[PDB]
2 protein chains.
Amino acid sequence: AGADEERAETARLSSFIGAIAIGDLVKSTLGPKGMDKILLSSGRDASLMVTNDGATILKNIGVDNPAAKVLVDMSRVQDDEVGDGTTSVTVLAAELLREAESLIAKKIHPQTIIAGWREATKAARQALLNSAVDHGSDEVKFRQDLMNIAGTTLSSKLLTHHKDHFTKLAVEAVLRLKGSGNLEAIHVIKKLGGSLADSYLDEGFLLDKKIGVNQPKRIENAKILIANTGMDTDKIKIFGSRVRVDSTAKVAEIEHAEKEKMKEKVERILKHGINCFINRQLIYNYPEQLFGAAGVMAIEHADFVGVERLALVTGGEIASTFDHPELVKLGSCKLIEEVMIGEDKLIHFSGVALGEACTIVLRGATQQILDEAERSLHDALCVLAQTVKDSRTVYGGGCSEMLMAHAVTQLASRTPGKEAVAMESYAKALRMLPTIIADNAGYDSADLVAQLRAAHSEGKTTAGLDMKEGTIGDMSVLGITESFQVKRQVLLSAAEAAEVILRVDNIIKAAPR
Amino acid sequence: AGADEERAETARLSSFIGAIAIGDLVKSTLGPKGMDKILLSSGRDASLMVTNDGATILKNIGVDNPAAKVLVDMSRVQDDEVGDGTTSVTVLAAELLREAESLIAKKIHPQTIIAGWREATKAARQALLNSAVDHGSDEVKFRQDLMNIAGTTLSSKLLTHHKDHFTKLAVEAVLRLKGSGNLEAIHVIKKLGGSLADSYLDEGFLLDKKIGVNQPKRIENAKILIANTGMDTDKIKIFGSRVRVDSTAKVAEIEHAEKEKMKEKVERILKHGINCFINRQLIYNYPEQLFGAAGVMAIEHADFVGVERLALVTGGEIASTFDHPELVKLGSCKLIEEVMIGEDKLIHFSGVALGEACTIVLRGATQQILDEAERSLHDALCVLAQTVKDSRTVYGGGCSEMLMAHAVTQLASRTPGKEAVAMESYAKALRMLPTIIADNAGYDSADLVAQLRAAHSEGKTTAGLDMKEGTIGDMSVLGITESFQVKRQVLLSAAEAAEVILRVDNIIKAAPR
């Protein structure tokens, strides 16, 4: 914010360079046959993280001075709105900058060209409802639940040999989730034990905390108690001061007063039959001895985020002062256990009556490759949730991109003068995607482009790029699909992201999320 | 002393340089195709200020020694009477200085030449009587409310693709505003999302605070409580002074006394069914636990300005001590809730019975330019208030400037030789405006000048510069008009502001501190 004012040819360059740098790397990550990239960095890193998620690495690091971090930051909101699919939105935005070089020859007002985006809105709209896509998504569904798009998201991913099976699991998770109540209460955690499943579906919530060395091993017909206020007692406001006493015999009454807090907790805890206590904060030591004899399992410093999800699950409770027990607290009673899972001990909450919220647990052999499950897993939750609400999708594998390109070529001749060259340039941008997908397949890129264009022109929406084949094939059999709004938003977002580059001279940061 | 001293050519020149420097930055700003400017300076500035409105930026900063700050100050008096819309008054005054170069081809007394300023008065009258203007815009008004001047103020702003729709909305806001109420209760915030409307009109008030993580999600048949005094207790008007109590046993009573403040609050609260509590200041912790269990949503440290506006809307209240809830307070009861409109959550107050005090919330793409709208809408409220009050307007798009220019050319020849040279210089000043509006359009400036003059001299006031066409067109169809007093004052103000600089010869500065 101190200066570094750049104009026209050089200012354009800073954005232009940012777009080209990002485009080649994200480029290798598209399609069923994606390429893994290894990153090395110093200071609070430790090792090479292999991520083939075009958005995860970009979010993690803001490496340098040029403007692109905000453009990158934006893709996550897109994830919120529709998710990842396969990364492609960033690539299209970068490629319109390529013909900026052609424009120097044009030599008038770059802003005048910006008009083409006003037409770009038309292009976004024309693409919309002309694609001819899938139909159905009835609700729950028997065999269309998955073995489709999640597989596509993971096809580019290394884990597919084992994870194609657990990618399948994710849709079961979405079916329970759907109804009235938004996106809430979804939690999943990694484990180091190995099994031919690589995942377990928990009917309840997974935590990872323990009361202490002593206490009963298992509880039956468990009741749940949640307290806002801590077990600790002493200071308050209007302290009563710091004390000295006349015989050190009265210091004992102070000790006695502590016992009263212990007694209230045990006397009404017993009537309920209390099997487990969960508190989101520090716990006072005296009650700890009490809980072990009673036969009650308590949790010290339980995290608040886990608790809120649990409340929806159990049926909730009204959390206040120690009066909180019995009726003011609602507790589910199926099964609460501390269960050893092949090695690292954890606590399992299960059998929730509500059914609205559930937790997913992962297992594996034990290596860098097994850790990618955490990487892949974040991606799986978002893809499926989007598929239900949009109720619309598009054909993947580049099928969508070639058809649109045929239509846009016509447009450049149509538009007047100055607009026509700029509109034309946007059209040729779509051409690179077919080439990028073919090259990584191990087949000659030049042959692929021509054959691809002929099939899309013909009118078959299903036909697309088949990398294993090396030619063009039927995308629908493959099961590669993209959500409808991913394409709808990218067209509008690319247009509003590219325009800002030429128009604002002074950059840096501050504002909304 | 050692102070800067200048004579003849240099003294005049310092004034001369200040006028030229301002004109180049301001020229981009004028008319339906204006440019956004960002100025950065170090220290006592903090962040980038980009102001579309020319008057606001000049006032703010006194960058250097050369005099121009006083000329700038005059624009604000104009602003109270009318001000904004588009800025053109400053530009015209600056160009009058360029012809002074020709004045050296004379040499003794500029004051006889100064007769031109008197001549300028003659020019002002011609503008004010000629043309046709507009009449009514009498009060409330159904279709003449907007799609006129507000659109034009916005036209110089880039956002006007979807924005012009937003400008149209603002007149409805002024209709409620106007009356004996004066200028009060108007608040506007833009939000993340994507819709064609890009804006929502809220009959109530928009706020951004939360009681805490806990509390009911939505309140229905809401009762609103506003308190002047905080929930904090320990002071009073009579202290009971510094506290030391003979032993530790008594301090227990004091804690219990605190409970009475908690308890009084609940007893009054339950009968009413209180759904929301808003306090302007720090809030004591004990009540916070109470509100959550009850099912009441409270707001901590709410801004006072928002509160006053709300009182007029709800029906008001006598916000005193805890005796405050019930009949002494009036609470509107439609619906108060926390809503995630998109991906950012805010609290919405709506459904006010009174009907006169509304809040406007805007939707945009996701980045600065949208905040530009925050800039523009605030400006908009002032524009509408003046247009109705003035009851006078002129045609926009530079239509006004060319007509006056045709009349002034005759005047130069009409006067005797020396008067004619000075008289013609004022006349040519009007010529640059047609050129300035056309140049930012993206069309060659020279072609535009010849065609424009021919249409105005014909006798058609409505005809003007059409940037969208690339030639000239009918201004009236567009719906672009400028407030009438901007023209009276600029011509009257321009003469004496510039004149004081010339009237003093050989400015000499010396012998100070």
# chains A, B, ... in the order shown; residues from 1 in each chain; ligands from 1
$ residues_around --residues "stretch 80-87 of chain A" --least-positions-apart "4" --cutoff "6 Å" --atoms "only C-alpha atoms" --output "PDB file with C-alpha atoms, in the first residue's frame"
ATOM      1  CA  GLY A  54      -6.178 -27.815  -7.508  1.00  0.00           C
ATOM      2  CA  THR A 153     -13.107 -36.800  -8.696  1.00  0.00           C
ATOM      3  CA  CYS A 382     -18.308 -31.423  -0.969  1.00  0.00           C
ATOM      4  CA  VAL A 383     -18.883 -33.141  -4.376  1.00  0.00           C
ATOM      5  CA  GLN A 386     -23.685 -30.297  -4.305  1.00  0.00           C
ATOM      6  CA  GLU A 482     -19.506 -32.346 -13.576  1.00  0.00           C
ATOM      7  CA  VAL A 486     -19.692 -25.584 -11.570  1.00  0.00           C
TER       8      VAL A 486
END
$ interface_residues --of "chain A" --to "chain B" --cutoff "9 Å" --atoms "only C-alpha atoms" --output "mmCIF file with N, CA and C atoms, in the first residue's frame"
data_model
loop_
_atom_site.group_PDB
_atom_site.id
_atom_site.type_symbol
_atom_site.label_atom_id
_atom_site.label_comp_id
_atom_site.auth_asym_id
_atom_site.auth_seq_id
_atom_site.Cartn_x
_atom_site.Cartn_y
_atom_site.Cartn_z
ATOM 1 N N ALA A 1 0.846 -1.214 0.000
ATOM 2 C CA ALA A 1 0.000 0.000 0.000
ATOM 3 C C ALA A 1 0.869 1.246 0.000
ATOM 4 N N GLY A 2 2.175 1.036 0.009
ATOM 5 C CA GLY A 2 3.133 2.136 0.028
ATOM 6 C C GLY A 2 3.474 2.771 -1.325
ATOM 7 N N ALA A 3 3.033 2.156 -2.451
ATOM 8 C CA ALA A 3 3.380 2.620 -3.831
ATOM 9 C C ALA A 3 3.421 1.456 -4.838
ATOM 10 N N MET A 74 -10.898 -16.985 -3.916
ATOM 11 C CA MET A 74 -12.269 -17.010 -4.439
ATOM 12 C C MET A 74 -12.721 -18.439 -4.802
ATOM 13 N N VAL A 77 -14.960 -20.268 -2.290
ATOM 14 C CA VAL A 77 -16.388 -19.907 -2.203
ATOM 15 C C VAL A 77 -17.147 -20.755 -3.237
ATOM 16 N N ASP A 80 -17.788 -23.955 -1.846
ATOM 17 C CA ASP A 80 -18.959 -23.823 -0.964
ATOM 18 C C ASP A 80 -20.269 -23.924 -1.780
ATOM 19 N N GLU A 81 -20.309 -23.168 -2.880
ATOM 20 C CA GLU A 81 -21.461 -23.124 -3.793
ATOM 21 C C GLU A 81 -21.701 -24.409 -4.593
ATOM 22 N N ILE A 108 -5.238 0.840 -28.968
ATOM 23 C CA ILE A 108 -6.131 1.977 -28.640
ATOM 24 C C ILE A 108 -6.478 2.050 -27.135
ATOM 25 N N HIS A 109 -7.680 1.598 -26.779
ATOM 26 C CA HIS A 109 -8.150 1.589 -25.393
ATOM 27 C C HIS A 109 -8.466 0.144 -24.965
ATOM 28 N N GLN A 111 -9.724 -0.982 -22.328
ATOM 29 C CA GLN A 111 -11.011 -0.928 -21.643
ATOM 30 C C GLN A 111 -12.178 -1.152 -22.619
ATOM 31 N N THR A 112 -12.031 -0.638 -23.840
ATOM 32 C CA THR A 112 -13.052 -0.792 -24.890
ATOM 33 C C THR A 112 -13.279 -2.290 -25.187
ATOM 34 N N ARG A 118 -19.422 -8.376 -21.641
ATOM 35 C CA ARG A 118 -20.852 -8.081 -21.580
ATOM 36 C C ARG A 118 -21.566 -9.148 -22.451
ATOM 37 N N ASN A 228 -22.004 -25.600 30.381
ATOM 38 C CA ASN A 228 -21.399 -24.342 29.915
ATOM 39 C C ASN A 228 -20.359 -23.810 30.891
ATOM 40 N N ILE A 236 -14.517 -15.549 41.371
ATOM 41 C CA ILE A 236 -15.749 -14.736 41.171
ATOM 42 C C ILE A 236 -15.350 -13.209 41.157
ATOM 43 N N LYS A 237 -16.315 -12.284 41.198
ATOM 44 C CA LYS A 237 -16.002 -10.853 41.370
ATOM 45 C C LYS A 237 -16.459 -10.469 42.757
ATOM 46 N N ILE A 238 -15.779 -9.489 43.371
ATOM 47 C CA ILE A 238 -15.980 -9.182 44.795
ATOM 48 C C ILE A 238 -15.602 -10.500 45.454
ATOM 49 N N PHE A 239 -14.290 -10.594 45.536
ATOM 50 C CA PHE A 239 -13.509 -11.782 45.882
ATOM 51 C C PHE A 239 -13.793 -12.367 47.258
ATOM 52 N N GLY A 240 -13.977 -11.498 48.226
ATOM 53 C CA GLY A 240 -14.068 -11.938 49.602
ATOM 54 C C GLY A 240 -12.685 -11.806 50.190
ATOM 55 N N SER A 241 -11.810 -11.334 49.291
ATOM 56 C CA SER A 241 -10.405 -11.031 49.539
ATOM 57 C C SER A 241 -9.514 -12.263 49.525
ATOM 58 N N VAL A 243 -7.156 -14.508 52.020
ATOM 59 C CA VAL A 243 -7.395 -14.674 53.447
ATOM 60 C C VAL A 243 -6.308 -15.227 54.349
ATOM 61 N N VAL A 245 -6.515 -16.301 58.687
ATOM 62 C CA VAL A 245 -7.545 -16.607 59.671
ATOM 63 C C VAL A 245 -6.977 -16.602 61.085
ATOM 64 N N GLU A 308 -21.410 -29.173 19.936
ATOM 65 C CA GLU A 308 -22.586 -28.631 19.234
ATOM 66 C C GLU A 308 -23.216 -29.628 18.267
ATOM 67 N N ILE A 318 -30.378 -27.988 27.733
ATOM 68 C CA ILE A 318 -30.288 -26.586 28.081
ATOM 69 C C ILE A 318 -29.117 -26.484 29.041
ATOM 70 N N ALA A 319 -28.070 -25.781 28.640
ATOM 71 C CA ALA A 319 -26.862 -25.720 29.452
ATOM 72 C C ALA A 319 -26.760 -24.445 30.268
ATOM 73 N N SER A 320 -26.701 -24.656 31.567
ATOM 74 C CA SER A 320 -26.625 -23.591 32.555
ATOM 75 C C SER A 320 -25.752 -24.029 33.741
ATOM 76 N N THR A 321 -26.143 -23.608 34.933
ATOM 77 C CA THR A 321 -25.441 -23.951 36.168
ATOM 78 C C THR A 321 -25.840 -25.360 36.607
ATOM 79 N N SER A 493 -17.715 -16.167 -13.294
ATOM 80 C CA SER A 493 -16.575 -15.792 -12.445
ATOM 81 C C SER A 493 -15.319 -15.474 -13.252
ATOM 82 N N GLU A 496 -15.710 -11.979 -14.677
ATOM 83 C CA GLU A 496 -15.581 -10.890 -13.704
ATOM 84 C C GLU A 496 -14.207 -10.843 -13.024
ATOM 85 N N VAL A 500 -11.199 -7.272 -14.028
ATOM 86 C CA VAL A 500 -10.637 -6.487 -12.923
ATOM 87 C C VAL A 500 -9.146 -6.213 -13.094
ATOM 88 N N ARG A 503 -8.561 -3.035 -15.382
ATOM 89 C CA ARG A 503 -9.190 -1.860 -14.752
ATOM 90 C C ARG A 503 -8.573 -1.311 -13.439
ATOM 91 N N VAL A 504 -7.987 -2.123 -12.544
ATOM 92 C CA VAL A 504 -7.457 -1.508 -11.304
ATOM 93 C C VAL A 504 -5.927 -1.524 -11.211
ATOM 94 N N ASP A 505 -5.384 -0.308 -11.188
ATOM 95 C CA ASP A 505 -3.940 -0.054 -11.091
ATOM 96 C C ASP A 505 -3.278 -0.390 -9.730
ATOM 97 N N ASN A 506 -3.979 -0.074 -8.631
ATOM 98 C CA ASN A 506 -3.438 -0.256 -7.265
ATOM 99 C C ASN A 506 -4.153 -1.449 -6.602
ATOM 100 N N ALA A 511 -10.630 -6.841 3.618
ATOM 101 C CA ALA A 511 -12.130 -7.036 3.443
ATOM 102 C C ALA A 511 -12.653 -8.526 3.485
ATOM 103 N N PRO A 512 -14.035 -8.696 3.388
ATOM 104 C CA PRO A 512 -14.844 -9.951 3.374
ATOM 105 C C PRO A 512 -14.233 -11.312 2.998
ATOM 106 N N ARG A 513 -14.977 -12.330 3.452
ATOM 107 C CA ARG A 513 -14.643 -13.741 3.279
ATOM 108 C C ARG A 513 -15.806 -14.525 2.631
#
$ select_by_dssp --residues "stretch 119-275 of chain B" --states "strand (DSSP E)" --output "list in words"
residues 188, 189, 190, 191, 192, 199, 200, 201, 202, 205, 206, 207, 218, 219, 220, 224, 225, 226 and 227 of chain B
$ residues_around --residues "residue B:418" --least-positions-apart "6" --cutoff "10 Å" --atoms "only C-alpha atoms" --output "JSON, numbers by chain"
{"B": [106, 112, 113, 412]}
$ write_last_selection --atoms "C-alpha atoms" --output "compact mmCIF listing (two decimals), in the first residue's frame"
# COMPACT_ATOMS: atom_id res chain seq x y z
CA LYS B 106 -0.20 42.95 -24.42
CA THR B 112 -9.10 46.21 -18.45
CA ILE B 113 -8.85 42.63 -19.79
CA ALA B 412 -16.39 37.86 -29.33
$ residues_around --residues "residue B:130" --least-positions-apart "2" --cutoff "12 Å" --atoms "only C-alpha atoms" --output "short mmCIF file (atom, residue, chain, number, x, y, z; two decimals) with C-alpha atoms, in the first residue's frame"
data_model
loop_
_atom_site.label_atom_id
_atom_site.label_comp_id
_atom_site.auth_asym_id
_atom_site.auth_seq_id
_atom_site.Cartn_x
_atom_site.Cartn_y
_atom_site.Cartn_z
CA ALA B 123 -22.57 34.41 -20.55
CA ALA B 124 -24.14 33.03 -17.35
CA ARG B 125 -27.48 34.68 -18.15
CA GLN B 126 -27.62 33.15 -21.64
CA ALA B 127 -27.32 29.67 -20.13
CA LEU B 128 -30.09 30.55 -17.64
CA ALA B 132 -36.11 24.36 -22.05
CA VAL B 133 -35.17 22.45 -18.83
CA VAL B 394 -30.68 21.05 -17.61
CA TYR B 395 -29.99 18.37 -20.28
CA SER B 400 -25.80 22.23 -22.27
CA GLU B 401 -22.17 23.04 -23.05
CA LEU B 403 -25.44 25.32 -27.02
CA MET B 404 -23.87 27.98 -24.83
CA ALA B 407 -23.95 31.76 -28.55
CA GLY B 459 -31.81 24.89 -32.21
CA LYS B 460 -32.36 21.47 -30.63
CA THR B 461 -31.56 21.53 -26.91
#
$ calpha_fit_rmsd --fixed "chain B" --moving "chain A"
4.1 Å
$ atom_distance --atom1 "atom CA of residue A:472" --atom2 "atom CA of residue A:451"
7.0 Å
$ closest_residue --among "A:135, A:348, A:431, A:44" --to "residue A:95" --atoms "only C-alpha atoms"
A:431
$ residues_around --residues "residue A:261" --least-positions-apart "3" --cutoff "10 Å" --atoms "only C-alpha atoms" --output "short mmCIF file (atom, residue, chain, number, x, y, z; two decimals) with N, CA and C atoms, in the first residue's frame"
data_model
loop_
_atom_site.label_atom_id
_atom_site.label_comp_id
_atom_site.auth_asym_id
_atom_site.auth_seq_id
_atom_site.Cartn_x
_atom_site.Cartn_y
_atom_site.Cartn_z
N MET A 231 -16.24 -26.67 36.16
CA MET A 231 -16.30 -27.34 37.44
C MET A 231 -15.53 -26.52 38.51
N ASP A 232 -14.50 -25.79 38.05
CA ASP A 232 -13.63 -24.97 38.93
C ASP A 232 -14.42 -23.88 39.69
N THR A 233 -14.11 -23.70 40.97
CA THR A 233 -14.77 -22.68 41.81
C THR A 233 -13.78 -21.95 42.75
N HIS A 256 -13.91 -27.27 53.60
CA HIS A 256 -15.25 -27.87 53.75
C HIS A 256 -16.21 -27.35 52.66
N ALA A 257 -16.11 -26.05 52.36
CA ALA A 257 -16.96 -25.37 51.37
C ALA A 257 -16.80 -26.00 49.99
N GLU A 258 -15.58 -26.41 49.68
CA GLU A 258 -15.26 -27.09 48.42
C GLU A 258 -16.06 -28.39 48.31
N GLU A 264 -23.19 -31.59 45.64
CA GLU A 264 -24.28 -31.26 44.73
C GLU A 264 -24.19 -32.08 43.44
N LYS A 265 -22.95 -32.24 42.98
CA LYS A 265 -22.67 -32.95 41.74
C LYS A 265 -22.99 -34.45 41.83
N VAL A 266 -22.68 -35.07 42.97
CA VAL A 266 -22.96 -36.50 43.17
C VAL A 266 -24.42 -36.84 43.52
N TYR A 286 -11.42 -32.38 42.31
CA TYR A 286 -12.25 -33.11 43.30
C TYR A 286 -13.31 -34.07 42.72
N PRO A 287 -14.14 -33.62 41.75
CA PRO A 287 -15.17 -34.47 41.14
C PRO A 287 -14.60 -35.70 40.44
N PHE A 322 -25.13 -25.91 37.60
CA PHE A 322 -25.32 -27.29 38.13
C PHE A 322 -26.77 -27.80 38.27
#
$ closest_residue --among "B:173, B:360, B:105, B:50" --to "residue B:201" --atoms "only C-alpha atoms"
B:360
$ residues_around --residues "residue A:189" --least-positions-apart "5" --cutoff "12 Å" --atoms "only C-alpha atoms" --output "list in words"
residues 198, 199, 200, 201, 202, 205, 206, 207, 208, 346, 348, 359, 360, 361, 362, 363, 371, 373, 374, 375, 377 and 378 of chain A
